[PDB]
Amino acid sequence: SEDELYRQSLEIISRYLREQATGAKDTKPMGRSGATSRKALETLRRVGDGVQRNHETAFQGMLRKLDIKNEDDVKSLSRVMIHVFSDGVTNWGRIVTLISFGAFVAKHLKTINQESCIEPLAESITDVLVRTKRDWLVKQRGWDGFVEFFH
């Protein structure tokens, strides 16, 4: 508890991944900073959908390599995301790439009837994001900066 950046990040990443996998928009209400989370989510729908479409084949090739079939395969993904994601280059571009690839994997977990792994995948992406990029994100004003960068 007492970590708004983490809680907001999970709300937004979790909601994007569920709605990308199922095509249904979450109606359950947003917590503190609702206005910023809704706008964050709206921006992911536009920018994250763009990355998935623009780079479908790069995304498909990686999903094919990672050979995700189950809960264990999702747990191995975290360490891959750390190696690729935490390497000293931080920008909203690569952050959207991370979250877009997550939604792409989430869609695949729906298609293979492994939708019980989507909430853990979201947690693992959130943990990689906030654990490894905390000071950059606070400098960029967190999700308010995200929305302002892409509006």
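The first residue of the shown sequence is 1; numbering continues from there. What we label the rigid core is the largest C-alpha set whose atoms superpose within 1.5 Å from one form to the other.
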Relative to this form, superposed by the core, which stretch has the greater CA RMS in 8 other deposited structures of this protein: 33 to 41 or 61 to 69?
61 to 69
Positional deviation of Cα atoms in 8 other deposited structures of this protein after core superposition, greater for 49 to 57 or 84 to 92
84 to 92
Ranked by mean Cα B-factor in the entry, 80 to 88 and 47 to 55, top stretch is 80 to 88
From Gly34, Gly102, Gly93, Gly61, which pick has the Cα B-factor that tops the rest in the entry?
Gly34
Entry-reported Cα temperature factor of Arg131, expressed as the chain third it lands in
lowest
Tell me, lowest, middle or highest third: where does the Cα B factor of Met30 rank within its chain?
highest
Looking at the temperature factor on the CA atom of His108, which third of the chain's modelled residues does it land in?
middle
Select lowest, middle or highest to describe the third in which the CA B-factor of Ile68 falls within its chain in this entry.
highest
Tell me, lowest, middle or highest third: where does the Cα B factor of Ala40 rank within its chain?
middle
